[PDB]
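No hydrogens, no waters, no symmetry mates; every other heavy atom, side chains included, goes into these values. For ligands, and for the atoms within them, numbers begin at 1 and follow the listed sequence. Proteins get letters first, then strands, A, B, ... in listed order; numbering begins at 1 in each.
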Protein chains: 4
Amino acid sequence: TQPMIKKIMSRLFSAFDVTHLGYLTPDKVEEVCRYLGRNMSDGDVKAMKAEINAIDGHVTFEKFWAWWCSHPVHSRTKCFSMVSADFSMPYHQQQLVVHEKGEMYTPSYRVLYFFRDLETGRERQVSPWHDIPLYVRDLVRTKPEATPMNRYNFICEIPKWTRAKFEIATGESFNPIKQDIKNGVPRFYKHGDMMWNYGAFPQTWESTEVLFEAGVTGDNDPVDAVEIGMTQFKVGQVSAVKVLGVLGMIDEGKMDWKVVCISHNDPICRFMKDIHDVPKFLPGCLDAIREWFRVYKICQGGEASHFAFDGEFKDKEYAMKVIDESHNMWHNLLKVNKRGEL
Amino acid sequence: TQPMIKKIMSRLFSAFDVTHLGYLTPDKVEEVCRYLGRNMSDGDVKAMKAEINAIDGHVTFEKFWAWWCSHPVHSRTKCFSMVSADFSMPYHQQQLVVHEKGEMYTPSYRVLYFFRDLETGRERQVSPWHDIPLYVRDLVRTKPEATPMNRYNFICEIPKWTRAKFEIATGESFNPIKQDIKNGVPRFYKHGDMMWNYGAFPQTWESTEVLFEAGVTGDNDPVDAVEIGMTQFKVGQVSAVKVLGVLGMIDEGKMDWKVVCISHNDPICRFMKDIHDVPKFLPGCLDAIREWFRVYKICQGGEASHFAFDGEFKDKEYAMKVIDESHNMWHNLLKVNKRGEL
Amino acid sequence: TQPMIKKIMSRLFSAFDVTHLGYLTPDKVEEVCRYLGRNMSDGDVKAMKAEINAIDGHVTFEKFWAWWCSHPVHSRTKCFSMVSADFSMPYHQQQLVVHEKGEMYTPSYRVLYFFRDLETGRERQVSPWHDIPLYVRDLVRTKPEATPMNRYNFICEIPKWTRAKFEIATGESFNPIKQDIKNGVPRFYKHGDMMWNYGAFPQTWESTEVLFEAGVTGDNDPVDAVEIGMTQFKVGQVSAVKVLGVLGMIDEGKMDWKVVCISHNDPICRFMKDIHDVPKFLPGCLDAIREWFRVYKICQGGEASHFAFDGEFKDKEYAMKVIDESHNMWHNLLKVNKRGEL
Amino acid sequence: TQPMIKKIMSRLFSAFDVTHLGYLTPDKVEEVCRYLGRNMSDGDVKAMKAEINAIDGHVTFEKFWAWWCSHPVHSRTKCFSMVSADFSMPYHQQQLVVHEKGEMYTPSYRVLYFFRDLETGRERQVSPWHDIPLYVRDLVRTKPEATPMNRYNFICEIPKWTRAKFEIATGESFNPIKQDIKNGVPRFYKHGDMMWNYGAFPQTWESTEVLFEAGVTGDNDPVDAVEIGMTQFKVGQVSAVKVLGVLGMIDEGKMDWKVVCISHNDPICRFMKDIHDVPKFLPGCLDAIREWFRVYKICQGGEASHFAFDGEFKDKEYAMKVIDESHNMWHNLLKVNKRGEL
Ligand SMILES: [Br-]
Ligand SMILES: [Br-]
Ligand SMILES: [Cl-]
Ligand SMILES: [Cl-]
Ligand SMILES: [Cl-]
Ligand SMILES: [Cl-]
Ligand SMILES: [Cl-]
Ligand SMILES: [Cl-]
Ligand SMILES: [Cl-]
Ligand SMILES: [Cl-]
Ligand SMILES: [Cl-]
Ligand SMILES: [Cl-]
Ligand SMILES: [Cl-]
Ligand SMILES: [Cl-]
Ligand SMILES: [Mg+2]
Ligand SMILES: [Mg+2]
Ligand SMILES: [Mg+2]
Ligand SMILES: [Mg+2]
Ligand SMILES: [Mg+2]
Ligand SMILES: [Mg+2]
Ligand SMILES: [Mg+2]
Ligand SMILES: [Mg+2]
Ligand SMILES: [Mg+2]
Ligand SMILES: [Mg+2]
Ligand SMILES: [Mg+2]
Ligand SMILES: [Mg+2]
Ligand SMILES: [Mg+2]
Ligand SMILES: [Mg+2]
Ligand SMILES: [Mg+2]
Ligand SMILES: [Mg+2]
C-alpha cells in the first residue's frame, strides 16, 4: 500500500483509461478484472468484479485505489506479482535536488545535494562527490556500439565570469559545496574572474598516495575540469560534458590535472572532437586557460604553476585515461578504505 | 565464477592497481587481503594471504582471478557480498545492437535488434517497438527538477533524402524493420524522397479501439515522427529527440498523427523550444511537411490526406499528450492483452 | 537640387544637429555658415547667415533645403565642391527590388528585378543574370589579406523542398525568372522535390562555343548551384554563399557543372571549409545530390546523367576556377559580343 | 599604362582566353582586334591584327601588354573608352593592411593601418578611426529592402581573455593603436581580464561639446563596443558585427556608452535578434558585463561607474540611434572642423 505501489497502480489504471477520461467505463471495468484475475479462477475473481461493480458512480482512480487497498494484503500480492512485472519501472529514477543554506559569500553558506526517488518520493541527502555518477550511462545504449562513450557529469563550482571560489567540501559529511577560506575570509580570486565554468568530476580523487609521472602526488581533491562552452552555469549545477583534453598543471608541488571539456548542450559540441579542434574553433582559448592557471596565485603570494609535458594539452584519449585512473583511486578511497570525508 | 563476477573482480583489482601497472605490488597484496578479509577473522584470512603470496611472480589480474576461482564457492560468497555491494554496477547497461539479413531492397531484407548485456556479455534478440524505451530517463536526473523532460527515443525507418519505405514489421516476432510491400513489390515512394528523417516512437500504438476526437480510430501502427534536423540517419538508427509539435493527419480514414521533433544532437536544438520556433528558424519546413503528407499518395491512386484542426501543427505540450496516451494504448496492447505481434 | 544633392545636404545638416533636435540652434546656424563660407568673403558669410536667420520659425532641414535651393547657383558652386567631398557617399548603394507579375504556376508568371539607387531614388529594371555581381566585394576589405575570398551571390530559382522548375529566362530582355515549359505546360519535377536551394550564379555562362575538357560544349545557361544550408530561400531571393566544391555533371551531352555551396548565414558555415567537410557534418548529402541529378530525368523519358571524374565532387579550389572561367565566358558573351538575350 | 590599366587589360585578355591557356589562339587574336577595332577603319583593324600577329611566339598577356603600351596613344584613346566601360571595376576595393612596430607591452608598440588599392596597387597609411567605414554597405544590397541594416565594423583593441589596455591613439597622426599609459607604465587591467572582445566603432566620437541626456559631456573617445561572440579576435582586427543594445555607462563623470554587439561570424548570430535574446541564450552575460564595468577601476583608486536608466541595457533600436548620433558628431569633428587628432 506504499506510494510506490500507488504509482504502479496509477500506470495500470491509465492502461485502461488511455485517453484520460478520469474513470473506468463499464467495458474497462470488466477488462481490468479479466486482467487482475489472470492468475486467479473465479473464487477470488467473482468477489473482485462484484466488489468493483458495487462502487458508487464513476470508478475514478482514487476509488479504484480505495478498492485495491481494502483487500487483504496477502491475496493482493499474488496477482500483484503480475502487475508489478508489467507496470513497475525498470529502475527508480533519482532526481538530483539542490538546497542552499545561506548566507552566500559568508562562511556559513552551503550547497546541499539530495536524491528524490521519483517512485517512492523519499528524499535523502547525498554527496555530490560520491553519489553523482562520473559516467553518464544510458540504461539502453542506443548510440552504435562502435562509437565510444564520452559523456561525463561535471559539477560546476565556479560559474563562468565569476570569482567566488566555491569548492566541494571534501572534509564535511555529504560533501556540500562551500566557499573556500583564504587568510581567514571567504576566498575570491584576486587575479581576475574565472572565464569558463570551473568545477570537478564526481567519483575521482587526486590521490595523495600516488606518484604521478611528474614526480609528485595529487592535490587531494576531485579532478578539476574547465568547461569551455558559451553558457554560464549556476553554482552547483551538474551537466553532461564531453572531454577534449587535459593540462598537466602541477600546483604547489601536487599533481593538479585540468581537464578541458565542453557541454553536450553547446551549439559547437558536435564539431569539437579532440583537443586540436579547440584552437581551430576557439583560438586563444587553450593559451588563456594555461596562462590564467600559470599565474593566478602569484598576486596572492604564491608562485607560478609548473606544467608536465612543457604545458602541452594532451588529447582526449589521454584525458580519459587520467579520469579513469582517478576513478580507481576514488574507488580505493571510498569503497576500500571507507573514507567519505578527508 | 561467471563473466559478470569476473568484471566485478576486474574493477576490484583496478582499485588496487589504480595506475594500471598490470599487477599487484606487495603492499597492494596485503591491502586487497585486508579488504577481502574484512568480514573474516584470520582463519579463512590466514589461508588467504598465504595463498596469494604463494603465487609465482607478479600477481596479474589473470592470476588473481585464478586464485579467486580456486576457492570453494560458498566461503567466497560470504566476503563477495561486500565486494558485490562496492564494485557491482547500479544497473546493467544494455547495448543496442543491429544486424541486417540481406538483401536490401528485396522482400527478404530485415533489420534485427538485440541487447548485449555489457556485464554478462549475453545477447538476446529484442523488439525495436517493445523493448526500446520511449522515454530517455537518466538513472540520476541532473537537469534541475523544474525543467520538464523532453527526451524521446526515435527509431529511424526512412532516412533523410531517401524513398525506400522501411517500416517496423508489427506483424512479425521481434518486430524487425522491413520494407513495406505495395502492389506485390518492395515499396518506394512515387511522389518523391522523404526530405526529413522519418520513423516511429517505440512503445506507442495508434489504437484501433480508440475513437480519436476526429471521429476515427488509429492506423494500427506506432506513432509516426518526422525529425527535422540537418543530419541524415541510418536505417534503423535510434537517437534521442526533442518533441516540438504534432500534425493531425487522417490517413485513409485512420488517425495518423505526425510528430515533429528534432535531434538533441542538432546544432539548433537549443533554440527550438516549441512548434512556433520552426517557422522562425526553418521557414517553409512545416508547410512542406504538411503538403508532402497531404498529397504523396495521390500519384499512387490514393486520395489527399485530411487533417484535424484545419492542418494546424499543435504545440509540444499537445504532442506529448498524444504520445503519452499512445504509450498507455501500447501498455494495454502488450502488457494487458499480451499482443507482441499484430 | 537633385534628390541626390538633397541627401548630401541632409547628412551635412545632421552634422550640425547631431542629436536630431530637428532644427538648427542659433549657434549651429553660425557654425554652418562658417563651414559653408570657407573660403568666402565676410560679406557673403554675413549675408548668408542673414538669409538663414531671416527664415521663419525653426530652421528644419526641409526649410534649410528650401533656403539652399533658392540660393544663387554661383555661390553654391564654390562651396559645394567642399560639401560634396565631405558628405557625398563613396558609391551609390543599389537596393535590389523584386516584383512578381502573376499568376504563379502559369506561363504568365515572371519575377522581375530592379535597382533603386538609394541616393538618387531612381528605379530601373535590371537583369538578375547580368547586373547582380558574381563576387561580393567589400569597399574596404577588413578580413586579412591572407584569407582568399569566397563570397558569391547565389540566385535561388528553386527553393528547398519545392518542384516548380523556375529559371532565369535567358531569352527575354532583363532576363526575368520564369517557370520552364516542358511538353507544353509549366514544368514540375516528376522525380520528386528539389531538396536543397537550387539556382545559379549571376555573370556566368556555360558557353556553347567552348569545348570543355569532357569533350562537349556547355548547356548555354548560367552555372548551376546547389545551396545545402538548412534554410529555405524564396524564389528569386539572392544571398551570399560560400563555395565548397563542384560536380561535373554532363546533361544531355552538355557540360552542366553543379556547384555545391552553403549560405554564409547558415549556422554551420564556419565549420564547412572544403568539400570534404560535407560528408563529415552532412553525411549522405553529397551522395544524395549526385544521385538526384543522376536519375531525375529518367522518369520523364530522359537518360541517366553522366559525370566527369567518375562522379567525384571536386574541391572548392577547382570549383572557383570553373566559376572564374565561366565568368570570363560571360564577359565575352555580354561585354564583347553584346548578347544580353540568347 | 598604369598598373590600374594593366589590370583592366588583364580582365579584357581573360575574356578572350576564357579557359586560361595563357595565350591567344589565332582566332582569338582576330576576335580581340574586331573588339578593340569597333569602331575603327579596316585599315586600323588589319594593321592592328598585323601588329599582334607579328608578335614573337605565344601572345601571352605579358606580351599583349607590351604590344598595347607600344601602340600609339591616339588609337588607344578611342577604343579605351569602350574597354574601360566594359572591364573597369565599379569601385576600387581597398585591402586593409595592419603592421606592428614593436615592442609589444612597451610604450613604443604601435599598430598601424594601411590601404592597398587592389587596382592601382598603391599603399597609403590610414586612420582606423577615420578611414574604416562605420557602416558595412554592399554595392548591391541583396537582402530585401524591408530588412533594415545592422552590419557595423568593429575595431578590436582588447581581445577576449586579455588585459593589456590597447586603444586607438586619438592624439597621434593616423591614430594608430597603442597601449594606454597609466601611472607612467603601460596599462594592464588590475581588476581582471576583459572577458569579451573589447574595442570601438570607427567614425564615431563621444563629443566633449555635447551635453548628453544624462547631464554630462562625452569621454572624448570613439564609441565603445563589447563583442560577446565565442571567438577571440586579434589586437587591431576589424570585423563585421551586429548591434544588440547599449549600456549607459557614465565613467568619471563622462558619457561612455557601452554597445553590446555580436560578430556576424558567430554561430549564434542569427538567433540573437535584440538585447532580450542575450539573457535567453547567454544567461549572466549582461549582468557580468554591467558589473565588470561598474567596479573595475575601484581597485585602481577610482570610483564605481554610474549608469543611466538604472543600469538597463537599452535595445538595438536605441543603440543604433546612439551610434548614428555619434557618427554625426564625428562628421562635425573631422569633416567640418578638420580635427583628425585630439
Ligand atoms: Br571576401
Ligand atoms: Br545590411
Ligand atoms: Cl557510490
Ligand atoms: Cl555514450
Ligand atoms: Cl586565489
Ligand atoms: Cl517492455
Ligand atoms: Cl530529461
Ligand atoms: Cl507511396
Ligand atoms: Cl523534369
Ligand atoms: Cl573556409
Ligand atoms: Cl566563350
Ligand atoms: Cl584599469
Ligand atoms: Cl536580427
Ligand atoms: Cl559635436
Ligand atoms: Mg583548493
Ligand atoms: Mg579542485
Ligand atoms: Mg589547484
Ligand atoms: Mg585541484
Ligand atoms: Mg504503412
Ligand atoms: Mg508509421
Ligand atoms: Mg500513414
Ligand atoms: Mg502511421
Ligand atoms: Mg533548364
Ligand atoms: Mg540552370
Ligand atoms: Mg541541366
Ligand atoms: Mg544547367
Ligand atoms: Mg581610455
Ligand atoms: Mg574607448
Ligand atoms: Mg571609459
Ligand atoms: Mg570610452
Does a salt bridge link D/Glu206 with D/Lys254, judged by any charged N lying under 4.0 Å from a carboxylate O?
no
Take a 6.0 Å sphere around CD of B/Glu317 and say whether it holds more than 12 heavy atoms from other residues, nucleotides or ligands. no
Protein N/O/S atoms closer than 2.8 Å to the Mg ion (ligand 27) number 1
Would you call A/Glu119 and A/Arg11 a salt bridge, using N to O less than 4.0 angstrom?
yes
Check your understanding: Under a 4.0 Å N-O cut-off, is there an ion pair linking D/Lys297 with D/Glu252?
Key -> yes
Salt bridge (charged side-chain N to carboxylate O under 4.0 Å, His left out) filter on D/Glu172, not counting sequence neighbours, yields D/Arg110
Q) Is the shortest side-chain N to carboxylate O distance from A/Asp86 to B/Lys338 below 4.0 Å? A) yes
